[PDB]
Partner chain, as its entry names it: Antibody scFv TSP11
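First comes one chain, alone, set out as C-alpha cells in the form solved without the partner chain.
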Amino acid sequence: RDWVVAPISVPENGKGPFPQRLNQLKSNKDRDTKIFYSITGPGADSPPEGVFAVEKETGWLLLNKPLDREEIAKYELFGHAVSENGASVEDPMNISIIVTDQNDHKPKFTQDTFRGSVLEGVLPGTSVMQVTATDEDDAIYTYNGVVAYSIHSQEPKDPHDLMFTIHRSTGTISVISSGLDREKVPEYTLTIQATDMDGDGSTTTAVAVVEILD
C-alpha cells in the first residue's frame, strides 16, 4: 500500500554516501494535488536534530550522517503529507528505525588492578581470583562483545614463568605449577588481556596482583 513504511534497519558507521535514501513515503492523494512531505521526532526536528530528513517533493526519507548504536539504538519519527492548499491528507505515519551493531568498542576491564591471594601450599588447579572485562558491542547475535581472556606476562619468572593460567571465557586465574614459595617470591604481577571477537578482535590490558600468603 501507500502511506505505510516497514521498520528500517541501519548498520551504524555507514560510509554512505550521505545523505542516504532509506525509504520513500507516498500518499495516493498526489494524483489529485501536489503533496509536501515532512518528518518530525527525536532525530528529525528535535534533538538530535537533523540526523534524518525527508525530501519535500519526492517523499524520500534520508539519513544525513553515520549512526552510533551505543549513543541511540532506535528512533521513532513521524511522517506527514500536506497538500498545496495546506490540509494534511494523511494521519502522521509511524517510522521505526533500528540501529544494528558493528564492533567498534574495545573491551574494558572493570578495574585497572585486581588482587587475589593463595596459601603457599595450594595444589595445581587452584583458582586464585576472577577478573572481568566488559564490552559495549552486541554479544548476543555476534562476537562483537564476546571477550576471550589470556595472560600477557608474569613477573617475576621465579621459580619459572607461566605458573598461572586464565579461563578463556570466565576470567578465572588458576595456578598450574608447583613451587610457590613466599620466602623467595612473595608476590606475582600478571598483566592480563581481554580480546573481543572471542580472541580475534582488539585487546585491552589490566594487572592482576597475586599475593602468596603467610
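Residue numbers count along the first chain shown, from 1.
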Of 159-167 and 50-58, the one with larger mean CA B-factor: 50-58
Higher-B stretch (mean Cα B-factor, as the entry records it), 14-22 or 196-204: 14-22
Most elevated Cα B-factor in the entry, residues 129, 133, 95, 123: 95
Candidate residues 27, 174, 177, 153, the one whose C-alpha B factor the record puts highest: 27
B-factor third for the C-alpha atom of residue 63 within its chain: middle
Entry-reported Cα temperature factor of residue 72, expressed as the chain third it lands in: highest
Assigned third (lowest, middle, highest) for the C-alpha B factor of residue 119: lowest
Residue 146 by Cα B-factor - lowest, middle or highest third of the modelled chain: lowest
Chain thirds of CA B-factor: placement of residue 33: highest
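In what follows, reference is made to the form solved in complex with the partner chain, a form of this protein that is not presented.
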The partner chain in the deposited complex: contacted by all of 37, 54 and 57, heavy atom 4.5 Å: yes
Proximity of residue 189 to the partner chain in the deposited complex, heavy atoms at 4.5 Å: no
Any non-hydrogen atom of residue 180 within 4.5 angstroms of the partner chain in the deposited complex: no
Proximity of residue 151 to the partner chain in the deposited complex, heavy atoms at 4.5 Å: no
Contact test in the deposited complex: residue 50 vs the partner chain, heavy atoms, 4.5 Å: yes
Partner contacts in the deposited complex for 76-114 (non-hydrogen atom within 4.5 angstroms of the partner chain): none
Comparing forms between this form and the one not shown, the hinge position between rigid parts, one of 176, 158, 102, 152: 102
